[PDB]
Structures are given as structure tokens and as C-alpha cells.
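One letter stands for each residue in the lines below.
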Amino acid sequence: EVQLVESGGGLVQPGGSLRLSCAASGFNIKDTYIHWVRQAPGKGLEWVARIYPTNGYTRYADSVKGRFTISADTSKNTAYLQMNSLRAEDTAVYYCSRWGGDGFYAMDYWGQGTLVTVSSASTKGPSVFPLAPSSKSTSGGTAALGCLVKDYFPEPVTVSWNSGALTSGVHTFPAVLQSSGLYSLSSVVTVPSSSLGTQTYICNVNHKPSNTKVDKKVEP
Amino acid sequence: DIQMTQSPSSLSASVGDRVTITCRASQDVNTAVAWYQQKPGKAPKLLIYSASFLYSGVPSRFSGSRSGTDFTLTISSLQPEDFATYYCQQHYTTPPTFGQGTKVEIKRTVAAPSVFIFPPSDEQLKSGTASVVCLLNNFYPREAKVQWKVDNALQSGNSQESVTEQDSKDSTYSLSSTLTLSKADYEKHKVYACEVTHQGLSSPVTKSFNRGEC
Amino acid sequence: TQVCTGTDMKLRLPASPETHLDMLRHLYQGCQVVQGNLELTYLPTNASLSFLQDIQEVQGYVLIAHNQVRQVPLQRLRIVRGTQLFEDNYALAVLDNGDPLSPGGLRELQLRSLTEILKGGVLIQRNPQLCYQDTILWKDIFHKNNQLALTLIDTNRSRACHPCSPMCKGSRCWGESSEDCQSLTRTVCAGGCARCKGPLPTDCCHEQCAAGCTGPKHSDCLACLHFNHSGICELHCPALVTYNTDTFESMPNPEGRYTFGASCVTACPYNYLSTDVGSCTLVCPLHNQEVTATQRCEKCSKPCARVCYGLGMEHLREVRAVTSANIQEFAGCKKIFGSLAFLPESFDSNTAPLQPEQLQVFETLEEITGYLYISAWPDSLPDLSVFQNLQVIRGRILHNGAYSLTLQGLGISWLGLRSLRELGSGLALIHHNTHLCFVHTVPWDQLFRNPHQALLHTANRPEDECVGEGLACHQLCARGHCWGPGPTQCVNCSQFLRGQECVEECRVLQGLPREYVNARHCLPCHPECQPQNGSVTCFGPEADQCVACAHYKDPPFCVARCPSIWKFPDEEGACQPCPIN
Ligand SMILES: *[C@@H]1O[C@H](CO)[C@@H](O)[C@H](O)[C@H]1NC(C)=O
Ligand SMILES: *[C@@H]1O[C@H](CO)[C@@H](O)[C@H](O)[C@H]1NC(C)=O
């Protein structure tokens, strides 16, 4: 499959710079236009920039012109957004997309996105605590358990279970911002209670900004 | 600079339904219009291009049309997986522009939540803070009241709710309620209760544990 | 501007005396500290050297040679530091100052303030009119750690000398006048004292002083032993950095300063490189490369990235000229570290001559860090256009230590250095070019970066003759400034540029292939924009920047054909996709 991978996301200080990167895999960027499109939290899609790598010709949205710089590196098959003089307006998920094809000017592929978070606060990795299964979290033949991921800035956190083997009955909750300025989420899962103490259950929490990786066994 | 006015901004439909999403272009855009589907924490994916052409491997249930400057996405038999934000885009001129998006929510049958209570773990306790956690799993509709009954007294300002996006298979929500206390405020009291009322339970359900009784 | 650089010409005859005097004046007028060498050679009888009056300090050696002047007013020269030495031994060399094979020749060294030589000795030979030189107690002037200094002084003359003024304490003077007595500063002091102002302990100079003092403290020195930190003589300048007392992270020192010569400076002088080590130099230190932030030296992260060397550097250090043996050494080079010199031997030595086309290697050249010297050059070539993209000769190395551009005896008809915007330092010397116009056409003012710089020029094509043949700058050139004839040689184009031709208008409203304007450049509209009548044709280079499509439109682009992905023309001319697969 065609594939576009964003990188370089994370905390920026207001006024600061940051360089986003989009490595394309499965097609040559020279054969099309590459755009960056961004999405502020809970808001629409906003086209930022485009580049045509064959000749480095660029175009820009008015809300970024003069700050952001789009560029390509054809040898690395990689596009870039050099984001200068950032502000809180700019806190968003930045996707990268192509117009795959030469008479096809719809955006057929998009990367997964990188969250840029523009803020004067600093990085805090999370504590991860178990939500232990017990009588008070069992209804019928079913146990609920989970992980609390407390006290982290900035977004995002990634939780999985048993390294991805367990996905059904998983609910990772949207982070809540605490009046501390720090975020807090919980991931939870439902399991046959028969399985308890037979099957081991591990949340895998990852807070990239913090280089925090926690694997936590949750058990009665 | 071509503007694309998308309406409505959000809609509720049920499974089987024929849903319609419009988007007017401020000026002539010919056929240079595309439709995208974005799902919770995902990249948008292309559904329709050049106004009316089904993109590769999109269910034929999706259709696009044009009627002058008004452009219509039709989901002809709404399915649970169709829970998403939808966006028209015009590429007639540069810059290409997005509509505001329109959120499709799915109306299902009432679903009583499963309610669960979680005391603080011993590990958090010894760091000075305690989160009591109360989970409501797989309910519809989205609106519920969650109150805490610490040794039988109400709480205010010390509690936060979090609610997942509609489930793509069964269309329910799950909600998490977290009571945040200092170690010391927590140790003060014995009985910990989480009371939920929801349009699906016959009588409001209290879920509740005793502090330190294992 | 107490500070100038000296020269590095030694005993070499100046290619033209007329200009030699002007350079000397430009170099030294107002100057108090010479970085490098003060060399005064081949000066005529009639020479006004008052520009020399203010010199107090010489970092390298002092050489007064092959002169007919009866005197050179260095009365204020206080210290020579001997950083570099003449014939590797001598801090002061006074040689052959007498007439060609009334009368001419230097009569008296007149060095009344010369009170410190840090390193190196004194070489005074073949000076027929010179008296007194053998009267000086060199022992005194030489530093404590410089007694072993060689001294080779000849007193053969041609006039009978009278003794020093009775007024001079021992036999000792710089001249005849009661004002010329050697004042002693080392042999005349109390206890273990390096320098003084008199026989008493209280007359003793601070240990950081170099030539004497006017009082007891580090603010009263005649010169610094090491460094002058804001008028206070100090062993060393303040470090550019302080260290964290626990961690040892670099913290900027607000008091930090770079060492430039024997001075402490807040910032390197314009054309020098800043060092990580807090110094100012002209070549980087070991495993250190240059970068532009202004120009710094840093530590190479990955092992030092290889570079292209000019004359005076590396394997080309003792290499005379660019020749058929080394010219290809420059193939592909954007920037040459060092110099380039073309001398007769470069063309017509059994060594195969440079053919003019080999010279084309220099087409990619944008920066010379050293100098550019041309004293022979192919008749068949009318200019230096092989250097057309040379943007900057920095002159961190100077021909003879004085000139960063030299053009002499060449045949060229114009310069054509149409990219050259900087002469970092050094002088420009354009002489004896029979046919060369378009010299007083270049706004030299703009290339120079310090007030010690100028254009020295004689025996080139007489300017009225250039105009008499009708050889001015083109109309389209801003302010009458150019590097040669015609619309491609302007300094700044006054209107618009298409490619490298300065033009009257871009084809925005009229003309065969339409154009738009980006920063005064005419660039082509995409061929699929319909040329418009009475309006502009595009807003930039791409096919979605047209006002109207010449043919069809596959939105957002104007295109020649519908793609056949199979598409077909709308009735309005826009490509729709074929409904069949
Ligand atoms: C000094 O000696 C030179 C060269 O050794 C000699 O030719 C010359 O005439 C002498 N000058 C005097 C004092 O006449
Ligand atoms: C040091 O430099 C200052 C000017 O920067 C000047 O006042 C002083 O004369 C110099 N000191 C010596 C001893 O040369």
C-alpha cells in the first residue's frame, strides 16, 4: 500500500520553530503534489501548503504564509513543513496528503497525523496505575479492568493491551485536562472473569513526548 | 477564494437510513469536488471524487451528486461503521478548500449501562493522591448523570467525566467518571459510591465499595 | 580604527611606486596597531610619511628597506611583538637604505618610543647615511625572555657621524637631538623588575605591562604584555563561557570576550572568523570548519568535511601560480580556501600552458577566501567572465599582504566580475591594462567593507578614450554602474531581469511568451495560460495560476489535452472522467 508517515510532532514553546516531516513510501513524491493539512482540536480540516517536488513550486494558505515552509527532499522521498514562529492558534494535528495521480486532484492518501502542541508549559510524563478487577467490577461472567494514566503533558498518549492482541471491549477515554494543567486518561477493557489469573493482562502505555513506555500488569 | 458551505453541521440517523449531506460552493467549481470520511482519531479517507465517482473500495452505499453549485453526498443505507465526520472539498482553484464537516451520529435502541467501581490502587495511594474511578460501559443514548456518594454525601468540583466516541460496531458510548482526592481527604471516609441515572435503567444504579476492605 | 593589518611583501619591488605610496597611506593613516608587519620599502626621497605618525604597536616585524627617504616618522612606535620575524630571526630590519647604483638614505632611526621587542632581533645593514644605530642598548629594548636575541648591526657609512647629544645619559640615542635619547626601561629598575619608569620601586611597572608605564598599576602601561582588556592589561581575556559549578554546562559569560591581536573585543572585527575557543582568526583551528550564522568556526560533528584549497594552503602552500598541473584541482569547487594567481608562467618554463578553455573550471566559483591576482591572462579573452559567479573575495590572505584583487598588464577589455559584491578586506590594484575600460564604472565603494580599502589604478585605458569610442554602461543599469558593456553587465539592474539580461519590461501585458514578475525577475507564464488582452496573463509559474486556459482545464490546472485515468472535455472545456472504466 501507499503510505505516508508524519514525524516531528510534540511540544513547542510559543514563538518557537519545529520541523514536521512526511516520509512517503510506495510512490515517488516527484510524481505528485504533497500537501500538509491541519486540524485544530475538535475543528475542521484546514489546507496549509502544497509542494510539487519536481520543481519545488509551493503554494500556501494565508494563515501560514511567511511562517511555515514546505519543501521536499526527492532523494529521501520525504516532504517537510518547517514551521516557524508558532502560536497557540497553530496547535493542531498535521496530516500530509497527496493528490496521487496526474489527472486526479483529490487527496487519495493521508498520513496518520502528528499532534503539534504550542504551549509555554513543559513535558511531564504520566504515572500509570492499575484499575484492578474485583467483585465491584464484575457483572455476569464479565470483569472490567484498565489503567489510569495520570498526570501528563502534552497529548497524546497511546494505550494498548497485551501488546495489541486484545482489542475487543477496549475503550481508551479522551484525555481530560485537569486544573493542574496536566492531562489524565483511562483505558479500560472487559474480559471473561473465568480468564482472571489464567490470562495475564498488561496495558502498554506510551507518552512519546516524555519517552515514557510503561507496561503494567493489571491483576486482582 | 472558493468557500464551501457544508450543512448540516451534524445529523442523527439510524441504521438503514438514507442520509444526505450538502455543500454549496460560493462560486462555480464545475465538478472539482471531493468527499472525505474522518473517523475518531484517524486520517480522512477519500469517498468520492470529481463530484460523483465512487473511489476504489468504498461501499457502493456512498454516492455523490451535483446540482449546480450544490453538491450532495448520500449514504443510502446507513451502517454503524458510517459514524464519522464528512467533508466536501473543492479543488477547482488553488487553494483547495474544505467544508466545515458534518458529523453523522447513529440513533440506536436504548442500552442500559454496565456500572463498575474502582478504588485507588495502593501504588497511587502512597504518592499522596487517589483517583476513584467509575465506569459505565456500552450505553445509549449519550446523556447520563454521574454523582458520587462519599460515605453518603454528594460531591462537587472534584469529579471529571470522559466519554468515548460512538462505537463503530454497536453504536454505544462508554463513560468514565473520576473522583480526585488527596490521600488525606480520601482516608477520612469509609463508603465510596458512584450513582448513575440513565434513560435505560429502571431504577438508578449505585455502585460502591468499602475503603480498605480489599 | 586604531587597527590595521600590515603587509607581507618583504623585499619585493612594488609593481608600481605611484600606487605603492597610496596603499601605504590608506593602510596606515590613522592607524595605531598594526596586525602583522610594518614594511616600508622602495620609498622615494620626496615621500610624505606623516600618515605613519600614529603607529604605537607592531604585532609582527618592522622592515624599513630599499628606501631613499631621509626619515620615517615612527617616533611613537612603542613595541614590536615579533609574532612573525623577518628572515625568521629579526623583529626590526633596516636594510639597504641608500641610493640606486642630497643625498638619499635614512639618516636616523628616530625610534624614540621603541621600548619593547617581545621576540626576535635587529638587522641593520647597508645604510650609508645612517648614524646612531650602534649607540642603542638593544639589551634594554629586547624583552627579558629575548636577550638571546640576534643583533647584527653594520656601521659602514658615507657620512661622518657626530656623537649623541651630551644630554643623553650614556652614549645612547635615536638621532642627534636632545629629544632623541634612548630611555631605558629594563636595565635601570629596582629588584627583580621587568619594566619601569625610573630607578625606584615606585617607578616599577605592573607585571602585565610591556613597554614601560606612567604609574604603578595595570591601567598605566605603555603597552600590554598580553591583552588589553578595556584599557587594563591582563594575562588573558574573559572566557566566552562560565561553567555550571555542579553540572559543567556552558553558560554564556556576559563579560566574555574574544582575543583579537593583543586586545579583548566584544565581537570579532568584520572580516575575521570567531572561534569556539573565544578567539578571532583568519583560518580555522585544527578539526574546525567555517559556518555562516557572519562567519564562525565550530567543531566538526562528523569528521571534518573535505574542502577545496587555493594557493597558500595545504599542498599548495608554497605554490606560485595556477598552472596546467593544478587547475583541474578546482573542478567543481564553489569555494576556494586560499588564493588564485595567474602569472606569465601560467600561459607563455617547460611546463605546458593553460589554454583559455581550461579556465572555465572557475565557472562554479563563488567565494575565494584569499585573494585574486592576475598578471597574465589569455589575449583571446576580453574579460574575467570565467569569474562571473565570483561573489566575494574575502582577502583573509592578501597578495603581498596588501591587495585582495590585483589586475596588471592584461590585455582584457572589461572586468565582467558581474557577481562580485564584496572585497572582504585588502586593496584593489588595477594598473597597466592598456585596453581595459569599465573600471571607474564599478562602484568600488560598495565592495569595500573597511575604510582602509580603496581602488588603486593607473595606466589602464584612459576614460575619455573609452567614452570617445562610446563605451559606457548600458541604459538599463541603475546609477551608471557596471562591470563591462551591455545589458548583462549591470551592477544592479534598473528595471527587470530576464535570465541575466537587464530588460526594459517583462512580457506581462504584451509579447510572444507571456510572463509574470517575481522580485523584478521576468519568469514565464505556464504555456497553458491564455495570453490576455489588456490584463495580466498569470500570477505565477504553475498551470493553476492562469487567468484563463488556452485550451482545457483539468481543475485546478489548465492543460493541453484531457488525460487519456481517462477523461473527456466538458462543454465548458473542463475534463470530466469517462464513465466507462
Ligand atoms: C662602506 O662600505 C661599503 C661596502 O662595504 C663601501 O663600498 C663604501 O664606500 C663605504 N662607505 C663609506 C663610509 O665610504
Ligand atoms: C587599550 O585599549 C584602549 C582602547 O580600547 C586604550 O585606551 C589604551 O591605550 C590601550 N592600552 C594600552 C596599554 O595600549
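Criteria and cut-off values
- As a numbering rule, every chain is indexed from 1 in the order its sequence is written, which need not reproduce the entry's residue numbers; residues that lack coordinates are not presented.
- All chains are assigned letters beginning at A, and all ligands numbers beginning at 1, according to the order in which they are written.
- Just so you know, side-chain values use all the structure's heavy atoms and leave hydrogens and water out.
- Residues with missing side-chain atoms are left out of burial classes, side-chain pairs and their counts.
- Strands are treated as partners if at least two bridges between them are detected by DSSP.
- Secondary structure follows DSSP: runs of H or I at least 4 residues long count as helices, runs of E at least 2 residues long count as strands, and numbering of each begins at the N terminus.
- A fitted line through C-alpha atoms represents every axis, and for helices the fit uses only the stretch in contact; the resulting angles, taken between N-to-C directions, go from 0 to 180 degrees.
- Start and end positions for the domains come from either an automated domain assignment or a database one.
- In this analysis, two residues are considered to be in contact whenever any of their non-hydrogen atoms come within 4.5 Å of each other.
- By buried area we mean the combined loss of accessible area, with a 1.4 Å probe, across both parts when two parts are placed together.
- When accessible area is computed with a 1.4 Å probe and restricted to protein chains, residues below 20% of their type maximum are described as buried, those above 50% as exposed, and intermediate ones as partly exposed.
- The near set for a molecule or strand comprises every residue that places at least one heavy atom within 4 Å of it.
- By the criterion applied in these results, polar contacts are pairs of N or O atoms within 3.5 Å in which, for protein atoms, one can donate a hydrogen and the other can accept it, and in which residues neighboring in sequence qualify only through two side-chain atoms.
- We get accessible surface area from the Shrake-Rupley algorithm with a probe of 1.4 Å; when it comes to residues, only the shown protein chains can shield them.
- Note on definitions: salt bridges are taken to be side-chain nitrogens of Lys or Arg within 4 Å of carboxyl oxygens of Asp or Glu.
- Residue type decides the class: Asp, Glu, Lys and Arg count as charged, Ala, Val, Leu, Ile, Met, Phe, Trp, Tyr, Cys and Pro as nonpolar, and the leftover types, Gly among them, as polar.

1. Re the sheet that holds strand β8 (residues 78–83) of chain A
Residues and elements named next belong to chain A. In space, the four strands of this open sheet follow the order β1-β3-β8-β7, with antiparallel pairing throughout. Looking at the sheet topology across the chains shown, the edges are occupied by β1 (3–7) and β7 (68–73). Pairwise comparison of adjacent strand axes, ignoring direction, gives a mean angle of 15 degrees for this sheet. As judged from the six bridges shared by β7 and β8, these two strands associate in the antiparallel manner. Opposite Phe68, over in β8, you have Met83 as the bridge partner.

2. Quick look at the domain arrangement of chain C
Residues and elements named next belong to chain C. Domain assignment breaks chain C into domain 1 (1–183), domain 2 (184–304), domain 3 (305–468) and domain 4 (469–581). Look at where the C-alpha atoms of domain 1 and domain 3 centre, and you get two points 33 Å apart. Taken together, the contact between domain 1 and domain 3 spans 18 residues of the former and 15 residues of the latter. Buried area between domain 1 and domain 3, both sides added, is near 1,200 Å², and the carbon and sulfur share of it is 61%.

3. Structural notes on the sheet that holds strand β24 (residues 372–374) of chain C
Residue and element names in this part refer to chain C. An order of β22-β24-β26-β28-β29 is seen for the five strands of this open sheet, with the pairing classed as parallel. At either end of the open sheet lies a strand with only one pairing partner, and these are β22 (340–342) and β29 (455–458). Put simply, the sheet's adjacent strands are angled 10 degrees from each other on average, direction ignored. Alignment of strand β26 (residues 403–408) against strand β28 (residues 427–431), held across five bridges, turns out to be parallel. Directly across from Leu407, in β28, lies its bridge partner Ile430. In this fold helix α1 (residues 17–28) packs onto β26, β28 and β29, with an angle of close to 165 degrees to the strand it touches most, β29.

4. Observations concerning the pairing of β1 of chain A
Residues and elements named next belong to chain A. What you see with β1 is a clean split: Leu4 and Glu6 sit on the buried side and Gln3, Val5 and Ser7 on the side with no burial. Relative to strand β3 (residues 18–25), β1 runs antiparallel, the two sharing five bridges. In the sheet register, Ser7 faces β3, and the bridge partner there is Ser21.

5. Details of the site of ligand 1
Residue and element names in this part refer to chain C. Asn156, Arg157 and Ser158 make up every residue found near ligand 1. Side-chain polar atom of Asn156 to an oxygen atom of ligand 1: 2.5 Å apart, as the coordinates give it. At 2.6 Å from a nitrogen atom of ligand 1 is found a main-chain nitrogen or oxygen belonging to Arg157. Taken by itself ligand 1 offers 350 Å² of open surface, and the protein chains cover 28% of this.

6. Examining the interface of chain C and chain A
With 11 residues of chain C at the interface, the matching set in chain A holds 10 residues. Each partner contributes to the roughly 780 Å² buried at the junction of chain C and chain A, and carbon and sulfur atoms together form 56% of this total. Among the residues of chain C in contact with chain A, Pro541, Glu542 and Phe557 of chain C are the three that bury the most area, contributing 52% of the side total. Between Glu542 of chain C and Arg50 of chain A there is a salt bridge, with its nearest N and O atoms 3.1 Å apart. Grouping the constituent residues of the side of chain C that touches chain A by class yields six nonpolar, one polar and four charged.

7. Comments concerning the domain arrangement of chain A
Residue and element names in this part refer to chain A. Each domain of chain A was delimited in the assignment, giving domain 1 (1–120) and domain 2 (121–220). Measuring from the centre of the C-alpha atoms in domain 1 to the corresponding centre in domain 2 gives 31 Å. Contacts between the two partners involve six residues from domain 1, matched on the other side by eight residues from domain 2. Sorting the residues of domain 1 by area buried against domain 2 places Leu11, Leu115 and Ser120 first, and these three jointly supply 65% of that buried surface. Taken together, the links from domain 1 to domain 2 amount to zero salt bridges. Applying the counting criterion to the domain 1 and domain 2 interface returns two residue pairs in polar contact. Partitioning the side of domain 1 that touches domain 2 into residue classes produces two nonpolar, four polar and no charged.

8. Digging into unusual backbone geometry
A cis amide bond links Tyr140 of chain B to the next residue, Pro141 of chain B, at an omega of -5 degrees. Here the amide bond leading from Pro555 of chain C into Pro556 of chain C is cis, since omega sits at 10 degrees, within 30 degrees of zero. Within the fold, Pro556 of chain C resides in the loop between β34 (552–554) and β35 (557–559). Positive phi outside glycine occurs at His287 of chain C, with the angle close to 25 degrees. Along the polypeptide, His287 of chain C turns up in the loop between β18 (280–281) and β19 (288–292). Even without being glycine, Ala519 of chain C reaches a positive phi, approximately 35 degrees. A residue is classified by how much of its surface remains accessible, and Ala519 of chain C, at 60% relative accessible area, is exposed.

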